[PDB]
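Pasted below: my_file.txt, compact mmCIF, C-alpha atoms.
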```txt
# COMPACT_ATOMS: atom_id res chain seq x y z
CA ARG A 5 0.00 0.00 0.00
CA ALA A 6 1.06 3.50 -0.82
CA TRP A 7 -1.01 5.48 1.71
CA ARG A 8 -1.81 5.10 5.44
CA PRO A 9 -4.69 6.70 7.26
CA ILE A 10 -3.47 8.93 10.09
CA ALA A 11 -6.81 10.69 10.99
CA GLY A 12 -10.31 9.43 10.58
CA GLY A 13 -13.39 11.15 9.11
CA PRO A 14 -16.94 10.80 7.60
CA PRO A 15 -17.11 7.69 5.28
CA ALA A 16 -17.36 9.55 1.92
CA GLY A 17 -15.98 13.03 2.98
CA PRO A 18 -13.22 14.90 1.01
CA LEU A 19 -9.79 13.46 1.91
CA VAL A 20 -6.48 15.27 2.69
CA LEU A 21 -3.28 13.69 1.42
CA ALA A 22 -0.02 14.46 3.23
CA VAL A 23 3.36 13.78 1.53
CA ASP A 24 6.60 13.33 3.48
CA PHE A 25 9.26 10.69 4.21
CA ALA A 26 7.91 8.82 7.32
CA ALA A 27 10.41 8.35 10.12
CA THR A 28 8.43 8.05 13.50
CA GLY A 29 10.38 9.68 16.37
CA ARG A 30 12.56 11.84 14.12
CA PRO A 31 13.34 15.23 15.65
CA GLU A 32 11.45 17.38 13.12
CA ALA A 33 7.80 17.62 13.68
CA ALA A 34 5.70 15.54 11.34
CA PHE A 35 2.28 15.38 9.83
CA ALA A 36 0.96 13.49 12.81
CA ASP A 37 1.84 16.60 14.93
CA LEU A 38 -0.11 18.79 12.60
CA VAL A 39 -3.14 16.56 12.21
CA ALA A 40 -3.39 16.34 15.99
CA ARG A 41 -4.01 20.04 16.01
CA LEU A 42 -6.41 20.33 13.06
CA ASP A 43 -10.17 20.25 13.06
CA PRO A 44 -11.68 17.01 14.21
CA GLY A 45 -13.15 14.99 11.35
CA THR A 46 -10.46 15.99 8.81
CA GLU A 47 -9.59 12.54 7.21
CA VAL A 48 -5.90 12.40 6.42
CA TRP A 49 -3.70 9.82 4.64
CA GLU A 50 0.09 10.01 4.80
CA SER A 51 2.33 8.82 1.96
CA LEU A 52 4.12 5.56 2.38
CA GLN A 53 7.36 4.82 0.55
CA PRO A 54 7.73 1.73 -1.56
CA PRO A 55 8.72 -1.28 0.46
CA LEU A 56 12.44 -1.14 1.10
CA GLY A 57 14.35 -2.15 -2.04
CA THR A 58 11.38 -1.81 -4.40
CA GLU A 59 12.19 1.87 -4.93
CA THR A 60 15.21 0.79 -6.93
CA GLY A 61 14.22 1.35 -10.55
CA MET A 62 11.63 3.97 -9.77
CA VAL A 63 11.88 7.51 -11.16
CA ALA A 64 9.64 10.42 -10.17
CA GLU A 65 6.90 9.40 -12.60
CA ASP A 66 6.77 5.99 -11.02
CA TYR A 67 6.59 7.47 -7.43
CA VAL A 68 3.74 9.79 -8.45
CA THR A 69 1.81 7.16 -10.46
CA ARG A 70 1.97 4.71 -7.52
CA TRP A 71 0.46 7.28 -5.22
CA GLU A 72 -2.06 8.46 -7.81
CA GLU A 73 -3.32 4.99 -8.85
CA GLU A 74 -4.10 4.09 -5.23
CA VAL A 75 -6.18 7.27 -4.94
CA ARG A 76 -7.91 6.45 -8.29
CA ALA A 77 -8.66 2.90 -7.04
CA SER A 78 -10.12 4.14 -3.77
CA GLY A 79 -12.71 6.28 -5.51
CA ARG A 80 -12.17 9.07 -3.05
CA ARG A 81 -12.17 12.75 -3.77
CA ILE A 82 -9.17 14.77 -2.61
CA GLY A 83 -9.84 18.12 -1.01
CA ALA A 84 -6.25 19.07 -0.29
CA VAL A 85 -2.73 17.89 -0.74
CA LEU A 86 -0.07 18.76 1.84
CA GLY A 87 3.70 18.34 1.54
CA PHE A 88 6.65 18.93 3.78
CA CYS A 89 10.23 19.59 2.67
CA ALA A 90 10.99 17.56 -0.50
CA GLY A 91 7.60 15.98 -0.16
CA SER A 92 6.31 19.28 -1.36
CA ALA A 93 7.57 18.45 -4.87
CA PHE A 94 5.46 15.25 -4.99
CA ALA A 95 2.53 17.01 -3.27
CA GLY A 96 2.66 19.58 -6.14
CA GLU A 97 2.69 16.98 -8.84
CA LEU A 98 -0.15 15.06 -7.30
CA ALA A 99 -2.23 18.23 -6.86
CA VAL A 100 -1.66 19.19 -10.51
CA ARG A 101 -2.75 15.72 -11.58
CA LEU A 102 -5.77 15.73 -9.37
CA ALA A 103 -6.79 19.08 -10.72
CA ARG A 104 -7.02 17.36 -14.06
CA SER A 105 -8.63 14.10 -12.88
CA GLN A 106 -11.24 15.76 -10.59
CA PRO A 107 -14.07 18.10 -11.37
CA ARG A 108 -12.71 20.41 -8.68
CA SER A 109 -9.09 20.92 -7.84
CA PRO A 110 -7.64 20.20 -4.45
CA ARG A 111 -6.01 22.87 -2.37
CA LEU A 112 -2.20 22.59 -2.28
CA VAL A 113 -0.32 23.59 0.87
CA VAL A 114 3.46 23.16 1.07
CA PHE A 115 5.47 23.46 4.30
CA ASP A 116 9.06 24.68 3.89
CA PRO A 117 9.02 23.38 0.34
CA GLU A 118 12.31 22.19 -1.11
CA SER A 119 13.45 20.86 -4.37
CA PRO A 120 16.56 18.87 -3.35
CA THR A 121 19.99 20.02 -4.58
CA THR A 122 23.45 18.71 -4.06
CA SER A 123 23.68 20.99 -1.03
CA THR A 124 20.56 19.75 0.66
CA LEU A 125 21.55 16.13 -0.06
CA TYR A 126 24.98 16.52 1.44
CA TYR A 127 23.62 18.31 4.58
CA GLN A 128 21.06 15.51 5.05
CA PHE A 129 23.79 12.90 4.68
CA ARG A 130 25.93 14.58 7.32
CA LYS A 131 22.91 14.72 9.64
CA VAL A 132 22.04 11.11 9.16
CA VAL A 133 25.67 10.08 9.82
CA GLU A 134 25.97 12.27 12.94
CA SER A 135 22.70 10.97 14.36
CA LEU A 136 23.91 7.40 13.85
CA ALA A 137 27.51 7.94 15.05
CA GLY A 138 26.74 5.86 18.13
CA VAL A 139 25.55 2.82 16.25
CA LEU A 140 28.03 3.10 13.35
CA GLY A 141 30.97 3.67 15.72
CA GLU A 142 33.50 6.37 15.53
CA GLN A 143 35.66 4.79 12.64
CA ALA A 144 32.73 4.16 10.22
CA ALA A 145 31.22 7.56 10.95
CA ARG A 146 34.42 9.42 10.40
CA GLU A 147 35.20 7.64 7.19
CA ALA A 148 31.67 8.21 5.88
CA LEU A 149 32.02 11.94 6.48
CA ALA A 150 35.40 12.03 4.78
CA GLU A 151 34.21 10.10 1.77
CA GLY A 152 31.05 12.12 1.61
CA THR A 153 32.89 15.40 1.66
CA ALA A 154 35.11 14.18 -1.18
CA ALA A 155 32.08 13.15 -3.13
CA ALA A 156 30.29 16.56 -2.58
CA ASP A 157 33.47 18.21 -3.86
CA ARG A 158 33.64 16.18 -7.09
CA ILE A 159 30.09 15.34 -8.16
CA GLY A 160 28.00 18.23 -9.34
CA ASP A 161 24.65 16.61 -10.18
CA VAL A 162 21.98 15.54 -7.68
CA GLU A 163 21.41 12.05 -9.08
CA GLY A 164 25.13 11.19 -9.19
CA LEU A 165 25.86 12.60 -5.79
CA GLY A 166 22.99 10.75 -4.23
CA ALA A 167 24.16 7.43 -5.74
CA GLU A 168 27.65 7.95 -4.34
CA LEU A 169 26.49 9.01 -0.89
CA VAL A 170 24.31 5.82 -0.75
CA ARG A 171 27.46 3.79 -1.71
CA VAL A 172 29.37 5.54 1.06
CA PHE A 173 26.67 5.02 3.70
CA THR A 174 26.23 1.33 2.65
CA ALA A 175 29.99 0.92 3.15
CA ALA A 176 29.81 2.57 6.56
CA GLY A 177 27.05 0.13 7.62
CA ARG A 178 29.24 -2.78 6.55
CA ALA A 179 32.22 -1.32 8.33
CA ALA A 180 30.18 -0.90 11.56
CA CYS A 181 29.28 -4.62 11.36
CA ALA A 182 32.91 -5.78 10.79
CA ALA A 183 34.32 -3.41 13.43
CA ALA A 184 31.97 -1.57 15.91
CA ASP A 185 29.85 -4.76 16.58
CA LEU A 186 26.67 -3.61 14.77
CA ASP A 187 23.99 -6.21 14.25
CA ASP A 188 23.86 -7.28 10.58
CA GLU A 189 20.06 -7.14 10.13
CA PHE A 190 19.85 -3.77 11.88
CA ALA A 191 22.68 -2.51 9.57
CA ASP A 192 20.80 -3.75 6.50
CA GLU A 193 17.68 -1.87 7.71
CA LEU A 194 19.70 1.35 8.30
CA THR A 195 21.42 1.21 4.89
CA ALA A 196 18.22 0.23 3.00
CA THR A 197 16.32 3.08 4.75
CA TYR A 198 18.99 5.72 3.80
CA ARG A 199 18.93 4.32 0.27
CA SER A 200 15.10 4.64 0.18
CA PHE A 201 15.49 8.32 1.47
CA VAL A 202 18.01 9.31 -1.16
CA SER A 203 15.92 7.63 -3.90
CA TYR A 204 12.91 9.72 -2.69
CA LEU A 205 14.96 12.96 -2.57
CA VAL A 206 16.46 12.48 -6.01
CA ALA A 207 13.06 11.65 -7.53
CA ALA A 208 11.59 14.72 -5.79
CA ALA A 209 14.32 16.91 -7.40
CA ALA A 210 13.17 15.74 -10.84
CA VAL A 211 9.66 17.17 -10.37
CA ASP A 212 9.10 20.50 -12.24
CA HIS A 213 8.50 22.42 -9.00
CA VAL A 214 8.19 25.81 -10.77
CA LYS A 215 5.21 24.41 -12.60
CA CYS A 216 3.70 22.42 -9.73
CA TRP A 217 4.01 25.15 -6.98
CA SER A 218 2.46 27.99 -9.00
CA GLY A 219 -0.85 27.34 -7.23
CA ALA A 220 0.51 26.41 -3.84
CA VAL A 221 0.05 28.19 -0.53
CA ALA A 222 3.45 27.92 1.22
CA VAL A 223 3.89 27.80 5.00
CA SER A 224 7.38 28.93 6.00
CA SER A 225 9.37 28.65 9.18
CA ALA A 226 12.00 31.15 10.25
CA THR A 227 15.03 28.87 9.71
CA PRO A 228 17.06 30.71 7.06
CA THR A 229 18.39 27.70 5.18
CA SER A 230 14.99 25.95 4.98
CA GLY A 231 12.29 26.08 2.35
CA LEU A 232 11.82 29.36 0.53
CA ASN A 233 13.90 31.34 3.02
CA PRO A 234 17.16 31.35 1.00
CA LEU A 235 15.38 32.86 -2.00
CA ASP A 236 15.39 36.50 -3.02
CA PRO A 237 12.05 38.00 -1.89
CA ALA A 238 10.86 38.52 -5.54
CA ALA A 239 11.83 34.87 -6.34
CA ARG A 240 9.70 33.63 -3.50
CA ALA A 241 6.77 35.66 -4.55
CA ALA A 242 7.12 34.44 -8.15
CA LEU A 243 7.28 30.82 -7.14
CA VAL A 244 4.13 30.24 -5.10
CA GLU A 245 0.62 31.68 -4.96
CA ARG A 246 0.85 32.85 -1.36
CA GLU A 247 3.37 32.49 1.47
CA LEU A 248 2.47 32.55 5.21
CA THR A 249 5.35 33.02 7.57
CA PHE A 250 5.79 31.77 11.17
CA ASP A 251 8.39 32.59 13.76
CA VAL A 252 9.34 28.99 14.55
CA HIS A 253 12.14 26.65 13.77
CA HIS A 254 11.89 24.31 10.78
CA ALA A 255 11.90 21.43 13.20
CA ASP A 256 8.87 22.69 15.03
CA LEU A 257 6.83 23.96 12.06
CA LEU A 258 4.33 21.08 11.98
CA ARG A 259 3.79 21.09 15.72
CA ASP A 260 3.08 24.78 16.04
CA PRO A 261 -0.44 25.78 17.23
CA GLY A 262 -0.34 28.87 15.14
CA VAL A 263 0.48 26.91 12.03
CA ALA A 264 -2.34 24.50 12.76
CA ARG A 265 -4.83 27.27 13.30
CA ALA A 266 -3.89 28.75 10.00
CA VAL A 267 -4.00 25.44 8.16
CA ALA A 268 -7.43 24.60 9.47
CA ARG A 269 -8.59 27.95 8.03
CA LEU A 270 -6.87 27.15 4.66
CA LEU A 271 -8.70 23.83 4.52
CA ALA A 272 -12.14 25.08 5.73
```

As structure tokens, how would this structure be written, given the file I've shared?
Amino acid sequence: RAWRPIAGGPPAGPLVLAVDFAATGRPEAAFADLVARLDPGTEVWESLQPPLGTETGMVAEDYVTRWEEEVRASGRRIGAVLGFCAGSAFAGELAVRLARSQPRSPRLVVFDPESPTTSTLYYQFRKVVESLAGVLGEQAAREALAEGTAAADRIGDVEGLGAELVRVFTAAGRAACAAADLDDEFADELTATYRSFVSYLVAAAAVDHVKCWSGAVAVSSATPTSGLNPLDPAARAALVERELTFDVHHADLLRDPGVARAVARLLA
């Protein structure tokens, strides 16, 4: 399955889709934190990734079609599509498609929207490695950072860089097993999950976000490197239909009461 219900509602009511890379207990607030704070009765499904390994061979069209065909099969109408971070790219594509497949277009709301670059990929890699430095061990972590830095210096395209960082991280997992005493099945889960993440980010980067965000309402944190914040003010205004701003960190955006209050009004 490609979607999971995360909030319940009237049997045939309009549905909200929420697109993000699920990682329960991650530090950044998630869609579950937002939906907790929305209007009762808002039915919400969150995007699931392909089962681990089955993403290999999938490009952005295949990601989007998998999500879309499940919605088509369900018979449900979509009232809004939400995305967070790179999920915003998929959220955009799906909303554009649903505008064409439905009599009435869904609302599109994007939260710190990003189209991944080599920079955002490399930062995410360093964060993943740092967060796992305990389980990888000091040797494997250090070497992953060194190799990753080399890679980010040499490889200028998103798809190539992502492939090499997955190679690096896979190697680090193996090294943590051979040294560091990491359990082999847990290492395979860690490396397959980072691989799934990079596949998702690289596919998100392929989406024509300039086309797919033209109708979006953006919700922006105050973190200057996140979302639309690094853009020139005229570039931001050109890119999306409307931008709401909130004085919160990127990591707390989806758990903010203010944000939720505003989203409920956007969806009403």

*At what distance in Å, to one decimal, does CA of residue 195 (chain A) lie from CA of residue 141 (chain A)?*
14.6 Å

*Which residue out of A:139, A:181, A:205, A:221 has the minimum interatomic distance to residue 165 (chain A) when all atoms listed in the file are used?*
A:205

_So, with all atoms listed in the file as the atoms that count, which of A:131, A:206, A:243, A:248 lies closest to residue 63 (chain A)?_
A:206

*asked:* With only C-alpha atoms as the counted atoms, please give the residues lying no more than 10 Å from residue 212 (chain A), apart from itself and same-chain residues fewer than 3 positions off, as a list in words.
replied: residues 93, 94, 96, 97, 119, 208, 209, 215, 216 and 217 of chain A

*Which residue of A:271, A:227, A:118, A:25 approaches residue 84 (chain A) most closely, using all atoms listed in the file*: A:271

*Would you be able to write out as a list in words which residues have an atom within 9 Å of (24.1, 17.9, -1.4) in the file's coordinates, counting only C-alpha atoms?*
residues 120, 121, 122, 123, 124, 125, 126, 127, 128, 129, 156, 160, 161, 162, 165 and 166 of chain A

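Nearest to residue 245 (chain A) of all the residues A:145, A:114, A:157, A:108 is A:114, counting only C-alpha atoms.
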
*Determine the nearest neighbour of residue 27 (chain A) from the options A:194, A:170, A:268, A:100, counting all atoms listed in the file.*
A:194

*Interatomic distance, CA of residue 138 (chain A) to CA of residue 180 (chain A) (Å, one decimal)*: 10.0 Å

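Put simply, CA of residue 140 (chain A) is 7.9 Å away from CA of residue 179 (chain A).
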
*asked:* With only C-alpha atoms as the counted atoms, please give the residues lying no more than 8 Å from residue 225 (chain A), apart from itself and same-chain residues fewer than 5 positions off, as an MDAnalysis selection string.
replied: chainID A and resid 116 230:231 249:254 257

_Taking 3 positions as the minimum chain separation for residues in the same chain, which residues sit within 12 Å of region 34-46 of chain A when counting only C-alpha atoms? Answer as a VMD selection string._
chain A and resid 8 to 31 49 to 51 82 to 89 91 114 to 115 254 to 272

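With all atoms listed in the file as the basis for measurement, A:198 is the residue among A:198, A:99, A:171, A:74 that approaches residue 56 (chain A) most closely.
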
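Neighbours of residue 144 (chain A) closer than or equal to 9 Å, with all atoms listed in the file counted and sequence neighbours fewer than 2 positions away skipped, come out as residues 137, 140, 141, 142, 146, 147, 148, 149, 173, 175, 176, 177, 178, 179, 180, 183 and 184 of chain A.
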